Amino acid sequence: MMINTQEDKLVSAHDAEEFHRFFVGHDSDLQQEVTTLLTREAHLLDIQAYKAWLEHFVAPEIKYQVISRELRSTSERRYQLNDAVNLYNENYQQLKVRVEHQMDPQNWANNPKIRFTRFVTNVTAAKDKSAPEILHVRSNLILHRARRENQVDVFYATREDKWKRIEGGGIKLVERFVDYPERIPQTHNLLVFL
């Protein structure tokens, strides 16, 4: 399956290609394997095992990026200034910093302990055509965060990932990209790992 972007006027060339990638890349075995991987990753995050996540699920070369895209006119060509702000754009050391901040006993915001619940759906995977150790993964996430009796925030995202197979059998995240769908989130902050 291929999308004709001349007729399908709302579809970006990027999204069209990517759809094709994942369509032809379908593999039943891979689907099961990646589904398990993402369920494990989400469980680990839900119980706030951030160190274990960073050590065992995240590769040293990680780029962990979440953007907020400025809303531009679909017909406004001339204005070429950067349209994306990086809410996250983290390497391993920067994730380490954020993880440390999370577990510090003087993180006042974390007391009483926050509650996280993650819902992962619509998992699609494809082996890279060049680098077969690289797995392209798409998945949708609902993340519910509750704290302080009556604070509830719900996040909605599509994670566009590259994962890498490791000698020994593990699989680690080398890139996560999220184009966050709400330009102005009404969630107090976005201090969650999507």
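All residue numbers are counted from 1 along the displayed sequence.
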Of 108-116 vs 69-77, the stretch with the larger average CA B-factor in the entry is 69-77
Mean CA B-factor: is it higher for 176-184 or for 19-27? 19-27
Quick one: which of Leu95, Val85, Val123, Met103 shows the highest Cα temperature factor in the PDB entry? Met103
Third of the chain, ranked by Cα B-factor, where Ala59 sits: middle
The third of the chain into which the C-alpha temperature factor of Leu44 falls is the lowest
Per the entry's values, where does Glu167 land by CA temperature factor relative to the rest of its chain, in the lowest, middle or highest third? highest
Check where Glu149 lands among this chain's C-alpha B-factors and tell me if it's the lowest, middle or highest third. highest
Ranking the modelled residues of this chain by C-alpha B-factor as given in the entry, is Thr35 in the lowest, middle or highest third? middle
